[PDB]
Every structure is written in structure tokens, then in C-alpha cells.
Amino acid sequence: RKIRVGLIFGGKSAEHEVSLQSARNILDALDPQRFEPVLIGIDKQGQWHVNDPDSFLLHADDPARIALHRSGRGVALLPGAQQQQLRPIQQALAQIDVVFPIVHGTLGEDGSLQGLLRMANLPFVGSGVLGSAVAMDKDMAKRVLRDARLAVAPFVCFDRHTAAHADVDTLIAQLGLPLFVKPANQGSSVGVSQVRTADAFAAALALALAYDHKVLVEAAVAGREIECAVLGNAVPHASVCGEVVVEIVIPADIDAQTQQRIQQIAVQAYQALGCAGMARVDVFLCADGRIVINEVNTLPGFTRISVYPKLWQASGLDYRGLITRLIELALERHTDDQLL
């Protein structure tokens, strides 16, 4: 009755090395009374490799050099299999009971991996196909958030076939300056430009369009940057808040009343987008102080030093306890999903 926990990690992402460290840390905090790990790493090229727990990493202890051991032990997925759904090309691999996916990159976060795991009838930690796909698409997300009567930065969304037409003056007239230019579909922090003058705009648009088919152009939100951790499925709970300064400060220096209402905004956002298990919600806090949601991230960091587990720590939930709860959440959802 010890449950097998399939950790899937890595990916073609700038955040590849973060996923490595995340997997390392989850491994060390995994309650050994309840869980045995199975290690599946994805290299920067997209190739899947099974590993042994003591030899998944190269230069594990050098963060400038840390790398996946490409063991070349390949993976087969048996679509509609009910048992041993993940199989080795080449002898046998422990039955996996729950997948903890921490694959950064487009496919790991956009509901694509989640669909593959659904197709294999595997319980898995985090948002399902819908919540992942919607939260990842910033344009879709903000539109769902806005409809839920939550505040988002005002914005316009262009594609390739409409960007060619962009009128800068009308944008500046509508949205002001600076303008934040971003791809909708993330892998993000890439293609994000603060355009300060009208002349910078054309180039920001082009850069963003190198990374996605849709690009958002938002007005500036003046206000402090608060991050709030969310956990659970049906009745989500919110961590204490954390403030970003440019350096993260936890617990953020704000009112209990302003904290309480950022917590409720975070929960309402999490529910509008249909998230599960976990999310980090990043908002802006205005002088007003209105609260404007910047981002809902369905795949937060899981290193010891990552903001998400740090926020929960500061809320009286430790790293071990977090991991275990995320696993239980994944199993509860799977068994409710089972019946219907």
C-alpha cells in the first residue's frame, strides 16, 4: 500500500534546470511511509528517460552545471491501458499510482501533458486539461477573469494576421505608456518588453510574435506586486501573501484586511479558470487599493527556495506536508472523475 509516485520532470524550457532542482527536492521530502518514487526525466530535446533515484542527475550539486542523465531508457504510453500505462521500450517499470508532473515548457503546462495523462487513466497532481490550457493562455485567462468581474490590466490582443495593422497612436491613446508587450502563451518571461516610447513598439511586437501566435499589449498597472499560493480542488485555501520588490518578502508588509481580500481574489480567480491542486496567483496592489490580477500560474516552482512552497511554509504548511496534500488532491480528483 505504499503508493508509487511518478515524477515527470525536465523539458524544453529555459526553466529546465528549475524542474531538475524541483524534482530533487520533491524526492527528498517525499514521505517514505507513503510513497516510492519513479523518475521520468525529459531532456531539452523532448526525449523521455527513466532514471534511478540516485542517478537521475549529472553535476547535481553544481547549479551552473546540473543536468539530466539521459539514460536512454525510453517510455511507452499505452493509451486506454488501465494498468502499467507507462511502459519501458526495452524490461519493466513499477506501476505508477499518481503522476506529479513538473514539466516546464509549453507542452508540460498547456494541458497537453495533462491530456496524455488523462488518456492513460493516471491520476496526476495539478490543474486538469481545461484549467491548464486556460491559465496558460493569458489572453483567454484575462477574458475569463474579466467576465468573473475580477480586475485585469486593460489590453489588446493581436495575432500575426492583425499585428501588421497595429496602430500605435490609438494604443497609446487607449492604454497609455509604458505598454507591456507579451506573448499570450508563455514559456514566458521570454518576449516580454516594456515599451517606453512609441518607437520601441514595433520591435516589441515582432519579438513577441517570434514566440507565439498571439501577443498581448497591456496598460501599465502601477502598484505593488503580491504573490499568493493556492491549494486544493473544490475548496481551495490561500497562503499568506508575499511581496515582490525590485527580492521577495514573506510575509508581505500589508494589512490583514488587504491580505484577506487578496486571498479571496486568488481563490475566486483560481475557481473562475477552473484550476486544481495548485496555483500561484500574482496580483498588483494599487494605491487605491484595487487589486488587479497579473497572472495565474498552474505550474509554480518546487525548489526549497521557490516562492510557492515558501508561502505555504510561512502559512504553517511544510514542504513534506505540501507534497503529500498535492498527491491526495490528485487521487481524490481521479476517483471523483472515475464515476462520471
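For every residue, the number given is its place in the sequence shown, counted from 1.
Participant: Could you bin the unmodelled part of the deposited chain lying between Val246 and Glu247 as none, 1 to 3, 4 to 9, or 10 or more?
Facilitator: Per the deposited record, the segment joining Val246 and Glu247 lacks coordinates for 10 or more residues.
Participant: With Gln174 and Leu175 adjacent in the shown sequence, let me know how many deposited residues between them lack coordinates: none, 1 to 3, 4 to 9, or 10 or more.
Facilitator: Per the record, no deposited residues are absent between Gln174 and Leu175.
Participant: Mind pulling up the entry and telling me whether 116 to 124 or 159 to 167 has the higher mean Cα temperature factor?
Facilitator: Higher mean C-alpha B-factor in the PDB entry: 159 to 167.
Participant: Comparing average C-alpha B factors as deposited, tell me which of 216 to 224 and 181 to 189 sits higher.
Facilitator: Going by the record's values, the stretch with the higher mean is 181 to 189.
Participant: If I read the C-alpha B-factors straight from the PDB entry, which of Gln260, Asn233, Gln268, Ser132 is highest?
Facilitator: The listed residue with the largest C-alpha B-factor is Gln260.
Participant: Quick one: which of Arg149, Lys142, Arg87, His104 shows the highest Cα temperature factor in the PDB entry?
Facilitator: Answer, based on the entry's C-alpha B-factors: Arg87.
Participant: Relative to the other modelled residues in the chain, which third contains the C-alpha temperature factor of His59: lowest, middle or highest?
Facilitator: Highest third.
Participant: When the modelled residues of the chain are sorted by Cα temperature factor, does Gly41 land in the lowest, middle or highest third?
Facilitator: For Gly41, the deposited C-alpha B-factor lands in the middle third.
Participant: So where's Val50 on the chain's Cα temperature factor ranking, which third?
Facilitator: For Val50, the deposited C-alpha B-factor lands in the middle third.
Participant: If you rank every modelled residue in this chain by C-alpha B factor, which third holds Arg280: lowest, middle or highest?
Facilitator: Lowest third.
Participant: Tell me, lowest, middle or highest third: where does the Cα B factor of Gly242 rank within its chain?
Facilitator: For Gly242, whose C-alpha B-factor we compare with every modelled residue in the chain, the answer is the middle third.
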